[PDB]
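Single chain ahead, written as structure tokens, the form deposited without the RNA.
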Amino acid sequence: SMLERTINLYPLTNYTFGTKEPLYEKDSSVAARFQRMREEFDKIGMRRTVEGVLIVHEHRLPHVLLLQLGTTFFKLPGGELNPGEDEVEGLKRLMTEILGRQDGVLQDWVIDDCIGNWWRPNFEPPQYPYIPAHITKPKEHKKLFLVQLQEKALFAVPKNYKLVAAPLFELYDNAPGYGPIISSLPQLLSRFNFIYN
């Protein structure tokens, strides 16, 4: 009766947050976002996205690292796989492009746990933790992974974003503030045995 995965957490003060050039969005609006999703679905099929959950603590209270675009939406680090790209190699690539260092030193990403799956049935905002009834051609499939951090690290944050550490209580039942994926992180993280180092 020890069936929980054990995960090491380190203090937020163990991590250094530097800066680098802006990293711009591929779409300038919601309307362009859904147009490009339609164009690529017709050429290569369902969009495959991957996202990483990176956890720290302060004073033994766990916090998720989020990327805030100016003072607008909160995002997990991640993005779109290429056709035939492995999911885990692809999340490591995407996290190096977002938070990798100006001095070109390699981060050691450790990814060993899936923490969920979401499906977008139409070219519209709604997403579900299952394929809904009657839907045979979903337009996007997102996969979330727990990213185990090293004891210490330097991350370079694009100048147009803020890295923020959110406590779980702030996420919980806050879909209006964070949306349905980030707001359900407390439930999805409850199964881990965290060590507060």
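Residue indices: 1-based, along the sequence shown.
Keep in mind that the form solved in complex with the RNA is not shown, yet the notes after this line are about it.
Remark: none of the three candidate residues (11, 63 and 155) comes within 4.5 Å of the RNA in the bound PDB entry, counting heavy atoms only.
Annotated contact segment (heavy atom within 4.5 Å of the RNA in the bound PDB entry): 158 to 166, selected among 158 to 166, 53 to 61, 131 to 139, 144 to 152. The RNA is not drawn, but in the bound PDB entry it has a heavy atom within 4.5 Å of residue 73. Residue contact check for residue 44: none of its heavy atoms lie within 4.5 Å of the RNA in the bound PDB entry. Shown alone here, residue 48 lies farther than 4.5 Å from the RNA in the bound PDB entry, counting heavy atoms only. For the chain shown alone, residue 179 is a contact residue for the RNA in the bound PDB entry, at least one non-hydrogen atom being within 4.5 angstroms. With contact defined as any non-hydrogen atom lying within 4.5 angstroms of the RNA in the bound PDB entry, the contacting residues in 28 to 43 are 28, 29, 30, 33, given in sequence order.
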